[PDB]
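The data block below is my_file.csv; it holds CSV, N, CA and C atoms.
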chain,number,residue,atom,x,y,z
A,1,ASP,N,0.8,-1.2,0.0
A,1,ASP,CA,0.0,0.0,0.0
A,1,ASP,C,0.9,1.3,0.0
A,2,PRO,N,0.8,2.0,-1.1
A,2,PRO,CA,1.7,3.2,-1.2
A,2,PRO,C,1.4,4.3,-0.2
A,3,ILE,N,0.1,4.3,0.3
A,3,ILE,CA,-0.2,5.3,1.3
A,3,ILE,C,0.4,5.0,2.7
A,4,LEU,N,0.8,3.8,2.9
A,4,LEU,CA,1.4,3.5,4.2
A,4,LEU,C,2.9,4.0,4.3
A,5,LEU,N,3.6,4.0,3.2
A,5,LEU,CA,5.0,4.4,3.3
A,5,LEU,C,5.2,5.9,3.2
A,6,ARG,N,4.1,6.7,3.1
A,6,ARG,CA,4.2,8.1,3.0
A,6,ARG,C,4.7,8.7,4.4
A,7,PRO,N,5.3,9.8,4.4
A,7,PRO,CA,5.6,10.5,5.7
A,7,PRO,C,4.4,10.8,6.6
A,8,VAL,N,4.6,10.9,7.9
A,8,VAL,CA,3.6,11.1,8.8
A,8,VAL,C,3.0,12.6,8.8
A,9,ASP,N,3.7,13.4,7.9
A,9,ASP,CA,3.2,14.8,7.8
A,9,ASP,C,1.9,14.9,6.9
A,10,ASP,N,1.7,13.9,6.1
A,10,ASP,CA,0.5,13.9,5.2
A,10,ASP,C,-0.8,13.8,6.0
A,11,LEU,N,-0.8,13.4,7.3
A,11,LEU,CA,-2.0,13.2,8.1
A,11,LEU,C,-2.6,14.6,8.6
A,12,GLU,N,-1.8,15.7,8.4
A,12,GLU,CA,-2.3,17.0,8.9
A,12,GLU,C,-2.5,17.0,10.4
A,13,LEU,N,-1.5,16.5,11.2
A,13,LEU,CA,-1.6,16.5,12.6
A,13,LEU,C,-1.4,17.9,13.2
A,14,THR,N,-1.7,18.0,14.5
A,14,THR,CA,-1.5,19.2,15.2
A,14,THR,C,0.0,19.3,15.7
A,15,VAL,N,0.4,20.3,16.3
A,15,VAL,CA,1.8,20.5,16.8
A,15,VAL,C,2.1,19.5,17.8
A,16,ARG,N,1.2,19.3,18.8
A,16,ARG,CA,1.5,18.4,19.9
A,16,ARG,C,1.6,17.0,19.5
A,17,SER,N,0.6,16.5,18.7
A,17,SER,CA,0.6,15.1,18.3
A,17,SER,C,1.8,14.8,17.4
A,18,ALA,N,2.1,15.7,16.4
A,18,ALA,CA,3.2,15.5,15.5
A,18,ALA,C,4.6,15.5,16.2
A,19,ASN,N,4.7,16.4,17.2
A,19,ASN,CA,6.0,16.5,17.9
A,19,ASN,C,6.1,15.2,18.8
A,20,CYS,N,5.1,14.8,19.4
A,20,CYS,CA,5.2,13.5,20.2
A,20,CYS,C,5.5,12.3,19.3
A,21,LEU,N,4.8,12.3,18.2
A,21,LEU,CA,5.1,11.1,17.3
A,21,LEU,C,6.5,11.1,16.8
A,22,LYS,N,7.1,12.3,16.5
A,22,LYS,CA,8.5,12.4,16.1
A,22,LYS,C,9.4,12.1,17.3
A,23,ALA,N,9.0,12.4,18.5
A,23,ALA,CA,9.7,12.0,19.7
A,23,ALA,C,9.6,10.5,20.0
A,24,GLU,N,8.7,9.8,19.5
A,24,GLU,CA,8.5,8.4,19.7
A,24,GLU,C,9.1,7.5,18.6
A,25,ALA,N,10.0,8.1,17.8
A,25,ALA,CA,10.7,7.4,16.7
A,25,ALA,C,9.8,6.7,15.8
A,26,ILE,N,8.9,7.4,15.2
A,26,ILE,CA,8.0,6.8,14.1
A,26,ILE,C,8.1,7.8,13.0
A,27,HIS,N,8.3,7.3,11.8
A,27,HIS,CA,8.4,8.2,10.6
A,27,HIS,C,7.5,7.7,9.4
A,28,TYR,N,6.8,6.6,9.6
A,28,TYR,CA,6.0,6.1,8.5
A,28,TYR,C,4.6,5.9,9.0
A,29,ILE,N,3.6,6.2,8.2
A,29,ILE,CA,2.2,6.0,8.6
A,29,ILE,C,1.9,4.5,8.7
A,30,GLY,N,2.5,3.7,7.9
A,30,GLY,CA,2.4,2.3,8.1
A,30,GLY,C,2.9,1.8,9.4
A,31,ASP,N,4.0,2.4,9.9
A,31,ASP,CA,4.4,2.1,11.3
A,31,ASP,C,3.4,2.5,12.3
A,32,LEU,N,2.8,3.7,12.1
A,32,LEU,CA,1.8,4.2,13.0
A,32,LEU,C,0.6,3.4,13.1
A,33,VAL,N,0.1,2.8,12.0
A,33,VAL,CA,-1.0,1.9,12.0
A,33,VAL,C,-0.6,0.5,12.4
A,34,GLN,N,0.7,0.2,12.3
A,34,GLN,CA,1.1,-1.1,12.7
A,34,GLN,C,1.1,-1.2,14.3
A,35,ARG,N,1.4,-0.2,15.0
A,35,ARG,CA,1.4,-0.2,16.4
A,35,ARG,C,0.0,-0.3,17.0
A,36,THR,N,-0.1,-1.0,18.1
A,36,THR,CA,-1.4,-1.2,18.7
A,36,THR,C,-1.8,0.0,19.6
A,37,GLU,N,-3.0,0.1,19.9
A,37,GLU,CA,-3.5,1.3,20.6
A,37,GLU,C,-2.9,1.4,22.0
A,38,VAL,N,-2.7,0.3,22.7
A,38,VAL,CA,-2.2,0.4,24.0
A,38,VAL,C,-0.7,0.8,24.0
A,39,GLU,N,0.0,0.5,23.0
A,39,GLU,CA,1.4,0.9,22.8
A,39,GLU,C,1.5,2.4,22.7
A,40,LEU,N,0.6,3.0,21.9
A,40,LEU,CA,0.6,4.4,21.8
A,40,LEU,C,0.1,5.1,23.0
A,41,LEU,N,-0.8,4.4,23.7
A,41,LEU,CA,-1.4,5.0,24.9
A,41,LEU,C,-0.4,5.1,26.1
A,42,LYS,N,0.5,4.1,26.1
A,42,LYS,CA,1.5,4.0,27.2
A,42,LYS,C,2.6,5.1,27.1
A,43,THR,N,2.8,5.6,25.8
A,43,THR,CA,3.9,6.6,25.6
A,43,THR,C,3.5,7.9,26.3
A,44,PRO,N,4.4,8.7,26.8
A,44,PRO,CA,4.1,9.9,27.5
A,44,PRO,C,3.6,11.0,26.6
A,45,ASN,N,2.7,11.8,27.1
A,45,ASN,CA,2.1,12.9,26.5
A,45,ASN,C,1.3,12.5,25.2
A,46,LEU,N,0.7,11.3,25.3
A,46,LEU,CA,-0.3,10.9,24.3
A,46,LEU,C,-1.5,10.5,25.0
A,47,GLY,N,-2.5,11.4,25.0
A,47,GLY,CA,-3.7,11.1,25.8
A,47,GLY,C,-4.9,10.7,24.9
A,48,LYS,N,-6.1,10.9,25.5
A,48,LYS,CA,-7.3,10.4,24.8
A,48,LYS,C,-7.7,11.2,23.6
A,49,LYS,N,-7.6,12.5,23.7
A,49,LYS,CA,-8.1,13.3,22.6
A,49,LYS,C,-7.2,13.2,21.3
A,50,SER,N,-5.9,13.3,21.5
A,50,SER,CA,-5.0,13.1,20.3
A,50,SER,C,-5.2,11.8,19.7
A,51,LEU,N,-5.3,10.7,20.5
A,51,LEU,CA,-5.5,9.4,19.9
A,51,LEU,C,-6.8,9.3,19.2
A,52,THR,N,-7.8,9.9,19.8
A,52,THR,CA,-9.2,9.9,19.2
A,52,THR,C,-9.1,10.6,17.8
A,53,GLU,N,-8.4,11.7,17.7
A,53,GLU,CA,-8.3,12.4,16.5
A,53,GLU,C,-7.5,11.6,15.5
A,54,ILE,N,-6.5,10.9,15.9
A,54,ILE,CA,-5.7,10.0,15.0
A,54,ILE,C,-6.6,8.9,14.5
A,55,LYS,N,-7.4,8.3,15.4
A,55,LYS,CA,-8.3,7.2,15.0
A,55,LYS,C,-9.3,7.7,14.0
A,56,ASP,N,-9.9,8.9,14.2
A,56,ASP,CA,-10.9,9.4,13.3
A,56,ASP,C,-10.3,9.7,12.0
A,57,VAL,N,-9.2,10.4,11.9
A,57,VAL,CA,-8.6,10.7,10.6
A,57,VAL,C,-8.1,9.5,9.9
A,58,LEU,N,-7.6,8.5,10.6
A,58,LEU,CA,-7.2,7.2,9.9
A,58,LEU,C,-8.5,6.5,9.3
A,59,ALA,N,-9.6,6.5,10.1
A,59,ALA,CA,-10.8,5.9,9.6
A,59,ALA,C,-11.3,6.7,8.4
A,60,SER,N,-11.3,8.0,8.4
A,60,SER,CA,-11.7,8.8,7.3
A,60,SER,C,-10.8,8.6,6.1
A,61,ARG,N,-9.5,8.3,6.3
A,61,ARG,CA,-8.6,8.1,5.1
A,61,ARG,C,-8.6,6.6,4.7
A,62,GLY,N,-9.4,5.8,5.2
A,62,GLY,CA,-9.5,4.4,4.8
A,62,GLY,C,-8.6,3.4,5.6
A,63,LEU,N,-7.8,3.9,6.5
A,63,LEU,CA,-6.9,3.1,7.4
A,63,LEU,C,-7.6,2.8,8.7
A,64,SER,N,-6.8,2.1,9.6
A,64,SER,CA,-7.3,1.8,10.9
A,64,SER,C,-6.1,1.6,11.8
A,65,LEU,N,-6.3,1.1,13.0
A,65,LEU,CA,-5.3,0.8,14.0
A,65,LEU,C,-5.2,-0.7,14.3
A,66,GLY,N,-4.0,-1.2,14.5
A,66,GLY,CA,-3.8,-2.6,14.8
A,66,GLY,C,-3.8,-3.5,13.7
A,67,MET,N,-3.8,-3.0,12.4
A,67,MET,CA,-3.7,-3.9,11.3
A,67,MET,C,-2.3,-4.6,11.2
A,68,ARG,N,-2.4,-5.9,10.9
A,68,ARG,CA,-1.2,-6.7,10.8
A,68,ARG,C,-0.5,-6.4,9.5
A,69,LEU,N,0.8,-6.0,9.5
A,69,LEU,CA,1.6,-5.6,8.4
A,69,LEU,C,2.7,-6.6,8.2
A,70,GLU,N,3.0,-7.0,7.0
A,70,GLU,CA,4.0,-8.0,6.6
A,70,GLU,C,5.0,-7.3,5.6
A,71,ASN,N,6.2,-7.8,5.7
A,71,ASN,CA,7.3,-7.3,4.8
A,71,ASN,C,7.6,-5.8,5.0
A,72,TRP,N,8.0,-5.5,6.2
A,72,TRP,CA,8.3,-4.1,6.5
A,72,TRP,C,9.7,-4.0,7.1
A,73,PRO,N,10.6,-3.2,6.5
A,73,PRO,CA,10.3,-2.3,5.3
A,73,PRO,C,10.3,-3.1,4.0
B,1,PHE,N,-2.1,40.7,0.5
B,1,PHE,CA,-2.0,40.6,-0.9
B,1,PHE,C,-3.3,41.1,-1.5
B,2,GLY,N,-3.3,42.0,-2.5
B,2,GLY,CA,-4.5,42.6,-3.0
B,2,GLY,C,-5.4,41.7,-3.8
B,3,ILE,N,-5.9,40.6,-3.1
B,3,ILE,CA,-6.7,39.6,-3.8
B,3,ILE,C,-8.1,40.0,-3.9
B,4,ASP,N,-8.7,39.9,-5.1
B,4,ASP,CA,-10.0,40.3,-5.5
B,4,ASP,C,-10.5,41.6,-4.8
B,5,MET,N,-9.6,42.6,-4.8
B,5,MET,CA,-9.9,43.9,-4.3
B,5,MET,C,-8.9,44.9,-4.7
B,6,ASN,N,-8.9,46.1,-4.2
B,6,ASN,CA,-8.0,47.2,-4.5
B,6,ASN,C,-6.7,47.0,-3.7
B,7,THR,N,-5.9,48.1,-3.6
B,7,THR,CA,-4.6,48.1,-3.0
B,7,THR,C,-4.3,47.2,-1.8
B,8,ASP,N,-3.2,46.4,-1.8
B,8,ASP,CA,-2.8,45.7,-0.7
B,8,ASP,C,-2.4,46.6,0.4
B,9,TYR,N,-2.4,46.1,1.7
B,9,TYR,CA,-2.0,46.8,2.8
B,9,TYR,C,-0.8,46.2,3.5
B,10,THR,N,-0.1,47.0,4.3
B,10,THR,CA,1.0,46.5,5.1
B,10,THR,C,0.5,45.9,6.4
B,11,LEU,N,1.5,45.6,7.3
B,11,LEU,CA,1.1,45.0,8.6
B,11,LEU,C,0.4,46.0,9.5
B,12,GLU,N,0.9,47.2,9.5
B,12,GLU,CA,0.3,48.2,10.3
B,12,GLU,C,-1.1,48.6,9.8
B,13,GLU,N,-1.3,48.7,8.5
B,13,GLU,CA,-2.5,49.2,8.0
B,13,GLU,C,-3.7,48.2,8.2
B,14,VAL,N,-3.4,46.9,8.4
B,14,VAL,CA,-4.4,46.0,8.8
B,14,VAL,C,-4.5,45.8,10.3
B,15,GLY,N,-3.6,46.4,11.0
B,15,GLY,CA,-3.7,46.4,12.5
B,15,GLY,C,-4.9,47.2,13.0
B,16,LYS,N,-5.2,48.3,12.4
B,16,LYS,CA,-6.3,49.1,12.7
B,16,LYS,C,-7.6,48.4,12.3
B,17,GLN,N,-7.6,47.6,11.3
B,17,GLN,CA,-8.8,46.9,10.8
B,17,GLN,C,-9.3,45.9,11.8
B,18,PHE,N,-8.4,45.2,12.5
B,18,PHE,CA,-8.8,44.2,13.5
B,18,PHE,C,-8.5,44.5,14.9
B,19,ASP,N,-7.9,45.7,15.2
B,19,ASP,CA,-7.4,46.2,16.5
B,19,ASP,C,-6.2,45.5,17.0
B,20,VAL,N,-5.7,44.5,16.3
B,20,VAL,CA,-4.6,43.8,16.8
B,20,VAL,C,-3.3,44.6,16.5
B,21,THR,N,-2.3,44.3,17.3
B,21,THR,CA,-1.0,45.0,17.1
B,21,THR,C,-0.3,44.5,15.8
B,22,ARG,N,0.7,45.3,15.4
B,22,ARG,CA,1.4,45.0,14.1
B,22,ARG,C,2.1,43.7,14.2
B,23,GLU,N,2.7,43.4,15.3
B,23,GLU,CA,3.6,42.2,15.3
B,23,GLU,C,2.7,40.9,15.3
B,24,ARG,N,1.6,40.9,16.0
B,24,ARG,CA,0.8,39.6,16.0
B,24,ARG,C,0.2,39.3,14.6
B,25,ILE,N,-0.2,40.3,13.8
B,25,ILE,CA,-0.7,40.1,12.5
B,25,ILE,C,0.4,39.5,11.6
B,26,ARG,N,1.7,40.0,11.8
B,26,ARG,CA,2.8,39.4,11.1
B,26,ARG,C,2.9,37.9,11.5
B,27,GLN,N,2.6,37.5,12.7
B,27,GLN,CA,2.6,36.1,13.1
B,27,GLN,C,1.3,35.4,12.7
B,28,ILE,N,0.1,36.1,12.7
B,28,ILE,CA,-1.1,35.6,12.2
B,28,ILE,C,-1.0,35.2,10.7
B,29,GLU,N,-0.4,36.1,10.0
B,29,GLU,CA,-0.1,35.9,8.6
B,29,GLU,C,0.9,34.7,8.4
B,30,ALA,N,1.9,34.7,9.3
B,30,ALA,CA,3.0,33.7,9.2
B,30,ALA,C,2.4,32.3,9.4
B,31,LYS,N,1.5,32.1,10.3
B,31,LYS,CA,0.8,30.8,10.5
B,31,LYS,C,-0.1,30.5,9.4
B,32,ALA,N,-0.8,31.5,8.8
B,32,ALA,CA,-1.6,31.3,7.6
B,32,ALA,C,-0.7,30.8,6.5
B,33,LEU,N,0.5,31.4,6.3
B,33,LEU,CA,1.4,31.0,5.3
B,33,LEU,C,1.9,29.5,5.7
B,34,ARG,N,2.0,29.2,6.9
B,34,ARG,CA,2.5,27.9,7.4
B,34,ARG,C,1.5,26.8,7.0
B,35,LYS,N,0.2,27.1,7.2
B,35,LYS,CA,-0.8,26.1,6.9
B,35,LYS,C,-0.7,25.7,5.4
B,36,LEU,N,-0.6,26.7,4.5
B,36,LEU,CA,-0.7,26.4,3.1
B,36,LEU,C,0.5,25.7,2.5
B,37,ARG,N,1.6,25.7,3.2
B,37,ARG,CA,2.8,25.0,2.7
B,37,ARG,C,2.6,23.5,2.9
B,38,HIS,N,1.7,23.0,3.7
B,38,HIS,CA,1.5,21.6,4.0
B,38,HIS,C,0.9,20.9,2.8
B,39,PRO,N,1.2,19.6,2.6
B,39,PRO,CA,0.5,18.9,1.5
B,39,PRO,C,-0.9,18.7,1.8
B,40,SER,N,-1.6,18.2,0.8
B,40,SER,CA,-3.1,18.1,0.7
B,40,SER,C,-3.8,19.4,0.6
B,41,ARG,N,-3.0,20.5,0.6
B,41,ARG,CA,-3.6,21.8,0.3
B,41,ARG,C,-2.6,22.6,-0.6
B,42,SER,N,-1.6,21.9,-1.2
B,42,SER,CA,-0.6,22.6,-2.0
B,42,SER,C,-0.2,21.8,-3.2
B,43,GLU,N,-0.9,20.7,-3.5
B,43,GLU,CA,-0.5,19.9,-4.7
B,43,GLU,C,-0.8,20.6,-6.0
B,44,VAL,N,-2.0,21.2,-6.1
B,44,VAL,CA,-2.4,21.9,-7.4
B,44,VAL,C,-1.6,23.2,-7.5
B,45,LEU,N,-1.3,23.8,-6.4
B,45,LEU,CA,-0.6,25.1,-6.4
B,45,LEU,C,0.8,24.9,-7.0
B,46,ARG,N,1.5,23.8,-6.7
B,46,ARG,CA,2.8,23.5,-7.2
B,46,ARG,C,2.8,23.4,-8.7
B,47,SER,N,1.7,23.1,-9.4
B,47,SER,CA,1.7,23.0,-10.8
B,47,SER,C,1.7,24.4,-11.5
B,48,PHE,N,1.6,25.5,-10.8
B,48,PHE,CA,1.7,26.8,-11.4
B,48,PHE,C,3.1,27.3,-11.4
B,49,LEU,N,4.1,26.6,-10.9
B,49,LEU,CA,5.4,27.0,-11.0
B,49,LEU,C,6.2,26.1,-11.9
The structure in this file should be written as structure tokens.
Amino acid sequence: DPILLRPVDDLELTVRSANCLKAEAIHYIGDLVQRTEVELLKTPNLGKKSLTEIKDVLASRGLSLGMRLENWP
Amino acid sequence: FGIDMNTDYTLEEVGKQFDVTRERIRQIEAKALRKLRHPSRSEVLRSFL
């Protein structure tokens, strides 16, 4: 899926969520959807509203969370 | 920028329009410029250069 390997900037995140995501060593949207919800919840400064926005925008873009990904990279 | 109207204004001349200070409008404009550089709102614009 070509949309998975795009940079995480294409999601139009806010300053807080994008800075936290870059501080958690993730640079691919496929990596972001690969991680489970609890793993992103445990990371510091990632609360309910930012994760809710991420879930909503991923669902609106056709993606989701916790999808099993093979052959990465 | 004088879009769909007459003469464009400077930072101070639009300060009286909104009562905001000159510096904040320079930052208000700067953030407006910052939003449009992002993808998904700049793909078609890049075809004009």
Notebook entry, point to check: Which residues of chain B are close to chain A, meaning at most 8 Å apart when you count all atoms listed in the file, and how do they look as a list in words?
Noted result: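 Applying the cut-off to the listed atoms yields residues 38, 39 and 40 of chain B.
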Checklist line | Backbone-only DSSP, alpha helix (DSSP H) members of chain A, as a PyMOL selection string | finding: chain A and resi 15-23+29-34+37-42+48-60
Checklist line | Atomic distance atom N of residue 9 of chain B - atom C of residue 32 of chain B, expressed in Å with one decimal | finding: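 These two atoms are separated by 16.1 Å.
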Check: If you measure from atom C of residue 7 of chain B to atom CA of residue 30 of chain B, what distance in Å do you get, rounded to one decimal?
Finding: 18.9 Å
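Atom N of residue 71 of chain A lies 15.2 Å from atom CA of residue 3 of chain A.
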Just want the 12 Å neighbourhood of residue 58 of chain A, counted on only C-alpha atoms, with same-chain residues fewer than 4 positions away dropped. Output as a short mmCIF file (atom, residue, chain, number, x, y, z; two decimals) with N, CA and C atoms, in the frame of the given file.
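Once written, out34.cif looks like this:
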data_model
loop_
_atom_site.label_atom_id
_atom_site.label_comp_id
_atom_site.auth_asym_id
_atom_site.auth_seq_id
_atom_site.Cartn_x
_atom_site.Cartn_y
_atom_site.Cartn_z
N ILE A 3 0.10 4.30 0.30
CA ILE A 3 -0.20 5.30 1.30
C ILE A 3 0.40 5.00 2.70
N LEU A 4 0.80 3.80 2.90
CA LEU A 4 1.40 3.50 4.20
C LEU A 4 2.90 4.00 4.30
N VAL A 8 4.60 10.90 7.90
CA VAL A 8 3.60 11.10 8.80
C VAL A 8 3.00 12.60 8.80
N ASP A 10 1.70 13.90 6.10
CA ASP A 10 0.50 13.90 5.20
C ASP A 10 -0.80 13.80 6.00
N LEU A 11 -0.80 13.40 7.30
CA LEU A 11 -2.00 13.20 8.10
C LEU A 11 -2.60 14.60 8.60
N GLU A 12 -1.80 15.70 8.40
CA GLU A 12 -2.30 17.00 8.90
C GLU A 12 -2.50 17.00 10.40
N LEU A 13 -1.50 16.50 11.20
CA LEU A 13 -1.60 16.50 12.60
C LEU A 13 -1.40 17.90 13.20
N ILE A 29 3.60 6.20 8.20
CA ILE A 29 2.20 6.00 8.60
C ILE A 29 1.90 4.50 8.70
N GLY A 30 2.50 3.70 7.90
CA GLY A 30 2.40 2.30 8.10
C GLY A 30 2.90 1.80 9.40
N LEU A 32 2.80 3.70 12.10
CA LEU A 32 1.80 4.20 13.00
C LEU A 32 0.60 3.40 13.10
N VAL A 33 0.10 2.80 12.00
CA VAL A 33 -1.00 1.90 12.00
C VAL A 33 -0.60 0.50 12.40
N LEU A 51 -5.30 10.70 20.50
CA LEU A 51 -5.50 9.40 19.90
C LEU A 51 -6.80 9.30 19.20
N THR A 52 -7.80 9.90 19.80
CA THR A 52 -9.20 9.90 19.20
C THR A 52 -9.10 10.60 17.80
N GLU A 53 -8.40 11.70 17.70
CA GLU A 53 -8.30 12.40 16.50
C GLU A 53 -7.50 11.60 15.50
N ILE A 54 -6.50 10.90 15.90
CA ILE A 54 -5.70 10.00 15.00
C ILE A 54 -6.60 8.90 14.50
N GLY A 62 -9.40 5.80 5.20
CA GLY A 62 -9.50 4.40 4.80
C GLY A 62 -8.60 3.40 5.60
N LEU A 63 -7.80 3.90 6.50
CA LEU A 63 -6.90 3.10 7.40
C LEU A 63 -7.60 2.80 8.70
N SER A 64 -6.80 2.10 9.60
CA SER A 64 -7.30 1.80 10.90
C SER A 64 -6.10 1.60 11.80
N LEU A 65 -6.30 1.10 13.00
CA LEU A 65 -5.30 0.80 14.00
C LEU A 65 -5.20 -0.70 14.30
N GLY A 66 -4.00 -1.20 14.50
CA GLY A 66 -3.80 -2.60 14.80
C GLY A 66 -3.80 -3.50 13.70
N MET A 67 -3.80 -3.00 12.40
CA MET A 67 -3.70 -3.90 11.30
C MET A 67 -2.30 -4.60 11.20
#
Note to self: From the options B:48, B:36, B:11, B:42, which residue's atoms come nearest to residue 23 of chain B, counting all atoms listed in the file?
What the structure shows: B:11
Final N, CA, C and O atoms of segment 2-13 of chain B as an mmCIF file, keeping the file's coordinate frame:
data_model
loop_
_atom_site.group_PDB
_atom_site.id
_atom_site.type_symbol
_atom_site.label_atom_id
_atom_site.label_comp_id
_atom_site.auth_asym_id
_atom_site.auth_seq_id
_atom_site.Cartn_x
_atom_site.Cartn_y
_atom_site.Cartn_z
ATOM 1 N N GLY B 2 -3.300 42.000 -2.500
ATOM 2 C CA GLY B 2 -4.500 42.600 -3.000
ATOM 3 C C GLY B 2 -5.400 41.700 -3.800
ATOM 4 O O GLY B 2 -5.693 41.906 -4.926
ATOM 5 N N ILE B 3 -5.900 40.600 -3.100
ATOM 6 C CA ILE B 3 -6.700 39.600 -3.800
ATOM 7 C C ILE B 3 -8.100 40.000 -3.900
ATOM 8 O O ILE B 3 -8.718 40.461 -2.910
ATOM 9 N N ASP B 4 -8.700 39.900 -5.100
ATOM 10 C CA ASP B 4 -10.000 40.300 -5.500
ATOM 11 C C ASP B 4 -10.500 41.600 -4.800
ATOM 12 O O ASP B 4 -11.673 41.780 -4.482
ATOM 13 N N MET B 5 -9.600 42.600 -4.800
ATOM 14 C CA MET B 5 -9.900 43.900 -4.300
ATOM 15 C C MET B 5 -8.900 44.900 -4.700
ATOM 16 O O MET B 5 -7.992 44.550 -5.550
ATOM 17 N N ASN B 6 -8.900 46.100 -4.200
ATOM 18 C CA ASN B 6 -8.000 47.200 -4.500
ATOM 19 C C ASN B 6 -6.700 47.000 -3.700
ATOM 20 O O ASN B 6 -6.424 45.891 -3.192
ATOM 21 N N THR B 7 -5.900 48.100 -3.600
ATOM 22 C CA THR B 7 -4.600 48.100 -3.000
ATOM 23 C C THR B 7 -4.300 47.200 -1.800
ATOM 24 O O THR B 7 -5.135 47.206 -0.886
ATOM 25 N N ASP B 8 -3.200 46.400 -1.800
ATOM 26 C CA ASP B 8 -2.800 45.700 -0.700
ATOM 27 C C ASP B 8 -2.400 46.600 0.400
ATOM 28 O O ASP B 8 -1.997 47.741 0.214
ATOM 29 N N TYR B 9 -2.400 46.100 1.700
ATOM 30 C CA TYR B 9 -2.000 46.800 2.800
ATOM 31 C C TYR B 9 -0.800 46.200 3.500
ATOM 32 O O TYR B 9 -0.430 45.070 3.217
ATOM 33 N N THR B 10 -0.100 47.000 4.300
ATOM 34 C CA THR B 10 1.000 46.500 5.100
ATOM 35 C C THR B 10 0.500 45.900 6.400
ATOM 36 O O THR B 10 -0.690 45.813 6.700
ATOM 37 N N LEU B 11 1.500 45.600 7.300
ATOM 38 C CA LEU B 11 1.100 45.000 8.600
ATOM 39 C C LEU B 11 0.400 46.000 9.500
ATOM 40 O O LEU B 11 -0.569 45.629 10.145
ATOM 41 N N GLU B 12 0.900 47.200 9.500
ATOM 42 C CA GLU B 12 0.300 48.200 10.300
ATOM 43 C C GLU B 12 -1.100 48.600 9.800
ATOM 44 O O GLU B 12 -2.024 48.857 10.644
ATOM 45 N N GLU B 13 -1.300 48.700 8.500
ATOM 46 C CA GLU B 13 -2.500 49.200 8.000
ATOM 47 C C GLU B 13 -3.700 48.200 8.200
ATOM 48 O O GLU B 13 -4.850 48.646 8.233
#
